[PDB]
file structure.csv (CSV, C-alpha atoms)
chain,number,residue,atom,x,y,z
A,1,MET,CA,-8.8,-3.2,-11.9
A,2,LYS,CA,-5.1,-2.2,-11.3
A,3,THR,CA,-4.0,-3.9,-8.1
A,4,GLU,CA,-0.3,-3.2,-7.8
A,5,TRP,CA,1.7,0.1,-7.8
A,6,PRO,CA,5.3,-0.9,-8.3
A,7,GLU,CA,6.1,2.6,-9.6
A,8,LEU,CA,5.7,3.8,-6.0
A,9,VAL,CA,8.6,1.9,-4.6
A,10,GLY,CA,10.9,4.5,-2.9
A,11,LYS,CA,8.2,7.2,-2.6
A,12,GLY,CA,7.1,8.8,0.7
A,13,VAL,CA,3.7,7.9,2.2
A,14,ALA,CA,2.0,11.2,1.4
A,15,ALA,CA,3.0,10.9,-2.3
A,16,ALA,CA,2.0,7.2,-2.6
A,17,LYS,CA,-1.5,7.7,-1.0
A,18,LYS,CA,-2.2,10.5,-3.5
A,19,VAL,CA,-1.7,8.1,-6.5
A,20,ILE,CA,-3.4,5.1,-4.8
A,21,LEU,CA,-6.5,7.1,-4.0
A,22,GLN,CA,-6.9,8.2,-7.6
A,23,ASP,CA,-7.0,4.6,-8.7
A,24,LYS,CA,-9.0,3.3,-5.7
A,25,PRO,CA,-10.8,6.2,-4.1
A,26,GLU,CA,-12.3,4.1,-1.2
A,27,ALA,CA,-9.1,2.2,-0.4
A,28,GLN,CA,-8.4,1.3,3.2
A,29,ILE,CA,-4.7,2.4,3.5
A,30,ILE,CA,-2.6,1.0,6.3
A,31,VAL,CA,1.1,1.8,7.0
A,32,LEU,CA,3.4,-0.8,8.6
A,33,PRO,CA,7.1,-1.2,9.0
A,34,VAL,CA,8.5,-3.4,6.2
A,35,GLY,CA,9.2,-6.9,7.6
A,36,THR,CA,6.0,-6.9,9.7
A,37,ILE,CA,4.5,-10.4,9.9
A,38,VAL,CA,1.0,-10.3,8.4
A,39,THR,CA,-1.8,-12.9,7.9
A,40,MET,CA,-2.9,-14.4,4.6
A,41,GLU,CA,-6.5,-13.1,4.6
A,42,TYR,CA,-7.4,-11.3,1.4
A,43,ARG,CA,-9.1,-7.9,1.9
A,44,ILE,CA,-10.1,-6.4,-1.5
A,45,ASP,CA,-10.6,-2.9,0.2
A,46,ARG,CA,-7.1,-2.8,1.6
A,47,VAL,CA,-3.8,-1.6,0.4
A,48,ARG,CA,-0.9,-2.1,2.9
A,49,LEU,CA,2.1,0.3,2.6
A,50,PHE,CA,5.4,-1.3,3.9
A,51,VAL,CA,7.8,1.4,4.7
A,52,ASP,CA,11.5,1.5,5.6
A,53,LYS,CA,13.2,3.6,8.4
A,54,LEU,CA,13.2,6.7,6.2
A,55,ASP,CA,9.4,6.3,5.9
A,56,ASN,CA,9.7,5.4,2.2
A,57,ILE,CA,7.7,2.6,0.4
A,58,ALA,CA,10.0,-0.4,0.6
A,59,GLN,CA,7.9,-3.0,-1.2
A,60,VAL,CA,5.4,-3.0,-4.1
A,61,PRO,CA,2.0,-1.8,-2.7
A,62,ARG,CA,-0.9,-4.1,-3.7
A,63,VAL,CA,-4.5,-4.8,-2.9
A,64,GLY,CA,-5.1,-7.5,-0.3
call {"tool": "encode", "arguments": {"input": "structure.csv", "output": "structure tokens"}}
result
Amino acid sequence: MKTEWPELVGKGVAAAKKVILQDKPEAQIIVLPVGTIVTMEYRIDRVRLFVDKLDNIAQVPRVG
């Protein structure tokens, strides 16, 4: 189980989702502005995408 997609840093949302869903077809993908304060709960189904103002992935996407 691959749980991080560092190779997607700098990619647009459409592109990132396409790769993530190949690896984890039933992933719950959420998009949030980078810098958003989140809680520490661990959700194995989830992959949060932190994006910058150009709507590009700003941090390494990971399961949690």
call {"tool": "residues_around", "arguments": {"input": "structure.csv", "residues": "stretch 20-28 of chain A", "least_positions_apart": "6", "cutoff": "8 Å", "atoms": "all atoms listed in the file", "output": "ChimeraX atom specification"}}
result
/A:2,5,45-47
call {"tool": "closest_residue", "arguments": {"input": "structure.csv", "among": "A:59, A:30, A:37, A:64", "to": "residue A:9", "atoms": "only C-alpha atoms"}}
result
A:59
call {"tool": "atom_distance", "arguments": {"input": "structure.csv", "atom1": "atom CA of residue A:51", "atom2": "atom CA of residue A:39"}}
result
17.5 Å
call {"tool": "atom_distance", "arguments": {"input": "structure.csv", "atom1": "atom CA of residue A:43", "atom2": "atom CA of residue A:63"}}
result
7.3 Å
call {"tool": "atom_distance", "arguments": {"input": "structure.csv", "atom1": "atom CA of residue A:40", "atom2": "atom CA of residue A:61"}}
result
15.4 Å
call {"tool": "residues_around", "arguments": {"input": "structure.csv", "residues": "residue A:14", "least_positions_apart": "6", "cutoff": "12 Å", "atoms": "only C-alpha atoms", "output": "PyMOL selection string"}}
result
chain A and resi 8+20-21+29+31+49+51+55-57
call {"tool": "residues_around", "arguments": {"input": "structure.csv", "residues": "residue A:7", "least_positions_apart": "3", "cutoff": "10 Å", "atoms": "all atoms listed in the file", "output": "VMD selection string"}}
result
chain A and resid 4 10 to 11 16 60 to 61
call {"tool": "residues_around", "arguments": {"input": "structure.csv", "residues": "residue A:35", "least_positions_apart": "2", "cutoff": "9 Å", "atoms": "all atoms listed in the file", "output": "number ranges by chain"}}
result
A: 32-33, 37-38, 50-52
call {"tool": "closest_residue", "arguments": {"input": "structure.csv", "among": "A:44, A:54, A:6, A:36", "to": "residue A:19", "atoms": "only C-alpha atoms"}}
result
A:6
